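Quick setup: one chain, the form deposited in one PDB entry, written in structure tokens, and binding and motion questions come after.
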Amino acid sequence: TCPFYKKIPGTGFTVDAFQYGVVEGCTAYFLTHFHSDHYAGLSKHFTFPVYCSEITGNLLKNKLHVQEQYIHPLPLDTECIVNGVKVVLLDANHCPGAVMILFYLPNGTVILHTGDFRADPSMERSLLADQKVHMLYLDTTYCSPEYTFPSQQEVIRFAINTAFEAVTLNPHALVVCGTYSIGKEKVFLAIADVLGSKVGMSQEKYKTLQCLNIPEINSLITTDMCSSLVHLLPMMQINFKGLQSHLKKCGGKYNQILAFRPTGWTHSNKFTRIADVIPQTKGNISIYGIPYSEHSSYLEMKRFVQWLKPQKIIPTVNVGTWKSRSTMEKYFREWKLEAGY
């Protein structure tokens, strides 16, 4: 059965609700982004209308085989009517293709569903500026003040400088970057660009990147691992065993690996500046965990919500415990008393 925080009252619509079978009364299923917790249940046998971005549409067609007749892509920043209701898709600053959805209900209520997002001041000059929002369905992944991390630009600066230094000291070092989903592509793309290399990967991961509308992609990536000195590997292989095993396969081309594991937040954030991050090292293998987040920090979330001033907030993450729900409700009430809405 479909929970309440995935239904849009007064419409036939759901959001990110494909794991419950046929939802009673649902005439249109919205997909915010192509992350497995959110698409859970879609396949080539799905026969209802799916509304989403162009990029999410390319991934449902080519990776999940959903038939073309049921894929409904919408452009961003554009007023659209779906089954009698005005909707707008906005960039969520999450992974490629990810959106927030503005719904203009027939009774005059306006609802924003953030999907997954990384709040930014630039969102204060989208189509959100123009009018009031009564209900906010909010990505609360990091809704507690301990959750701090740097900007994506500082993190990428660190990774570029680390890789360029190492390969300039040792032209025989290989760089490896872990992945398990779409998102965070800037980590491996910026490193390969400083090194003057394409990024090497499996046929399956190449397929996924080819769906993403990245300009000049054919100039940036390849399936020919032998010619490339930046390789992608599944995240589960980013450990001393998996990496040893990978260097053997390269046939004595390389004598050192430097690897990156993008994570979300970890507790080493609470004591260490990005500058001061150090790897784990065994022999000729070094592994850096870097806090590249595609979700809002506490401070970014708080700024967005204090600016939007919604009448009601419905969290969509961390909803499973009484303590989580109570904690989030306390912070929504401080934010509201501090800003005066």
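All residue numbers refer to positions in the sequence shown, first residue = 1.
Just so it is clear, the following notes concern the form solved in complex with a small molecule, a form of the same protein that is not shown.
A heavy atom within 4.5 Å of the small molecule in the entry with it bound is found for one listed residue only; from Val66, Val305, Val50, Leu59, this is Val305. Under a 4.5 angstroms non-hydrogen atom cutoff, the small molecule in the entry with it bound lacks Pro291 among its neighbouring residues. Interface residue remark: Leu42 is not counted as part of the site for the small molecule in the entry with it bound, having no heavy atom within 4.5 Å. By the criterion of a heavy atom within 4.5 Å, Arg273 is excluded from the residues contacting the small molecule in the entry with it bound.
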